[PDB]
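Participant: just dropping in an experimental structure and the matching sequence.
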Amino acid sequence: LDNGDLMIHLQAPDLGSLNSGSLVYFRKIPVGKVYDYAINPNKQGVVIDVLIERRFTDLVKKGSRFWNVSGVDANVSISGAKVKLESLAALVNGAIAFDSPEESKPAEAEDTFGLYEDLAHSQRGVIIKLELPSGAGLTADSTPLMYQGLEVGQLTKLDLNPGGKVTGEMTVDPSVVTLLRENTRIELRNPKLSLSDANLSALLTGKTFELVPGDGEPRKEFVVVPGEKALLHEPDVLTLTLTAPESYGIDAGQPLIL
Amino acid sequence: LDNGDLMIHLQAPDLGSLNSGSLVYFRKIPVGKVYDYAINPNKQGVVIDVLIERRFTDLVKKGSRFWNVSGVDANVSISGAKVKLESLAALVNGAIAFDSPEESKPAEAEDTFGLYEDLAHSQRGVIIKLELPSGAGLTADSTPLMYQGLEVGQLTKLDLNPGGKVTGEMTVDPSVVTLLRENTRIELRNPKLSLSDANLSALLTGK
């Protein structure tokens, strides 16, 4: 109708449950709808053309982030599972929602955006590259980064580069960016069982990264060492070598006592 | 229609499942409906204009508390899980409910109110600041404060101030306010296992 509405494009790996007429939300308020959808000339991607009303043209910014809320999903959580249903229109047909940053220039003239598959995936953060030893108990979008007992990061990407090199990418919230400096150790904590203080939640979570802040020039890449090598890789540590004619029943976990 | 009805505004982080025509309840009795909704000039907040009928104008007070009942939620509880459905209109479209204090002046002329997301969040209480050592096993809106074995408080807010300072805020019911004095110790109890007296509920609750 050319009523001053704003037409924008979203690039997605697939269309998903979104169809023509599915709504677009800001603070769960309908401010637009999907005008059309098509496939790119390259067969990999789908371009969804959406339209935002004239009143809400200034809502869309350059830094605005879009995610898809479609269908109904039930998640079972440890030590208590909660399933909540809020939108029935998104259950029946699907919808798109977007978040607008406070300080950004407005977007116009068919500006392209990336359609994230979930709000957690569309959460803002900083990418950190991790050189993991192995991915035996690491799950993408499920392993957190606990600092002082609170989750401040999330391992989102996990890959196996050739040569058997397990690598990963983790999104960290902006609050702990200043804590990522030189000689900062990001190690993995195995789930241990304590008879005096049993932690069923910690047992069920499994592998969990731990952040040990340091000082120096900020860095975006880290090498993850296990808890066995956590003491060895400390910034200050006295490393010693001792030779013997026999092992004397001493393994690689025995503690030195003074 | 200007039939003597009372128009009031509710500020929320988001509109939620509430739409135009969704009902407003007092003691689960329909006494009004959502007239309109809009966004604040600041993009953070949503103002929902609701209208209460002429008969129930005196029900709304200055201290009245509003919460949102929308959709259907199923909660699994330890040692037995119960899921109850009561309202289907709130399931389909959503609704707002409000509680009116006994001793408060009536509200009028577009008085603003805060729309809590749940009845538990809208529960009245006293805020207590806690300087926690760590939040390893502490969950917001899930860790209670047990006194004499009975829950009298609820840790509702949990933050990490810079410098690695884990802090929190806990809502306590008015009965135990007089018990919060000097040299009063609020400590954390780890879930211990006793062979003679096994407590599976205490083991599952955690901190």
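Facilitator: Sure, I can see it. Numbering: from 1, shown residues only, chains lettered A, B, ... in the order given.
Participant: ok, the closest residue to chain B within the stretch 1-150 of chain A - contacts?
Facilitator: Nearest residue of the stretch 1-150 of chain A to chain B, counting by Cβ to the nearest Cβ: residue A:149, 3.4 Å away. Every C-beta, even on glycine, is put in place using the N, C-alpha and C of the backbone. With contact set as Cβ atoms under 8 Å, 6 or more residues apart in numbering or on different chains, residue A:149 has these partners: B:134-138, B:166.
Participant: apply 10 Å and report the result again.
Facilitator: A:210, B:132-138, B:158, B:160, B:166 (Cβ atoms under 10 Å, 6 or more residues apart in numbering or on different chains).
Participant: and what of residue A:121?
Facilitator: Going by Cβ under 10 Å, 6+ apart, the list of residues near residue A:121 reads A:65, A:67-68, A:114, A:141, A:154, A:156, A:171.
Participant: reformat the residues you listed as CSV; add secondary structure and neighbour count.
Facilitator: CSV is the format used below for the contacts of residue A:121 (DSSP: H, G, I helix; E, B strand; the rest coil; neighbours: other Cβ atoms under 10 Å in any protein chain shown):
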residue, secondary structure, neighbour count
A:65, strand, 19
A:67, strand, 20
A:68, strand, 25
A:114, strand, 12
A:141, coil, 13
A:154, strand, 20
A:156, strand, 18
A:171, strand, 19
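Participant: what count of nearby residues applies to residue A:170?
Facilitator: 23 (other Cβ atoms under 10 Å in any protein chain shown).
Participant: does it count as helix, strand or coil?
Facilitator: At residue A:170 the chain is in strand, as set by DSSP: H, G, I helix; E, B strand; the rest coil.
Participant: which residues of the stretch 1-150 of chain A lie near chain B?
Facilitator: When proximity is defined as Cβ under 10 Å from any Cβ of the partner chain, the stretch 1-150 of chain A approaches chain B at A:25-31, A:55-56, A:58-59, A:61, A:74, A:76-77, A:79-89, A:91, A:97, A:99-102, A:146-150.
Participant: let's see that with 8 Å instead.
Facilitator: A:26-29, A:59, A:76, A:79-88, A:100, A:102, A:146-150 (Cβ under 8 Å from any Cβ of the partner chain).
Participant: return the subset of those lying in helices.
Facilitator: Taking DSSP state H, every one of these sits outside helices.
Participant: which of these count as buried?
Facilitator: A:26-29, A:59, A:80, A:83, A:85-87, A:100, A:146-150 (16 or more other Cβ atoms under 10 Å in any protein chain shown).
Participant: what does stretch A:37-50 contact?
Facilitator: A:7-15, A:18, A:20, A:24, A:32-36, A:96, A:115.
Participant: straight-line length of it, end to end?
Facilitator: With Cα to Cα, to the nearest Å applied, stretch A:37-50 spans 8 Å between its terminal residues.
Participant: for it, list every residue counted as buried.
Facilitator: For stretch A:37-50, by 16+ other Cβ under 10 Å, it's A:37, A:46-48, A:50.
Participant: same thing with stretch A:217-236?
Facilitator: A:222, A:224-225.
Participant: ok, residue A:212 - contacts?
Facilitator: With Cβ under 8 Å, 6+ apart, residue A:212 has these contacts: A:184-187.
Participant: could you give the bridge partners of it?
Facilitator: Note on residue A:212: beta-bridge partners by DSSP bridges are residue A:185.
Participant: residue A:118 - how many residues pack around it?
Facilitator: Residue A:118: 12 neighbours (other Cβ under 10 Å).
Participant: return the residues in contact with the nearest residue to it once chain neighbours are set aside.
Facilitator: Nearest residue to residue A:118, sequence neighbours excluded (Cβ to Cβ, 6 or more residues apart in numbering or on different chains): residue A:67, at 6.0 Å. Residue A:67 is in contact with A:96-98, A:115-119, A:121-122, counting by Cβ under 8 Å, 6+ apart.
Participant: same check, this time on residue A:84
Facilitator: Contacts of residue A:84 by Cβ under 8 Å, 6+ apart are B:71-74.
Participant: please apply the same query to residue A:135.
Facilitator: Contacts of residue A:135 by Cβ under 8 Å, 6+ apart are A:158, A:160, A:166, A:168.
Participant: secondary structure class for it?
Facilitator: Classified using three-state DSSP, residue A:135 is coil.
Participant: so what's the backbone phi/psi at it?
Facilitator: phi -110, psi 40 (degrees, to the nearest 10).
Participant: on that earlier part again, how about the contacts of residue A:84, which pair is most distant?
Facilitator: Within the contacts of residue A:84, B:71 and B:74 form the most distant pair, 10.5 Å apart (Cβ to Cβ).
Participant: give me the residue from the stretch 151-258 of chain A nearest chain B.
Facilitator: Closest point on the stretch 151-258 of chain A to chain B, by Cβ to the nearest Cβ, is residue A:197, at 4.0 Å.
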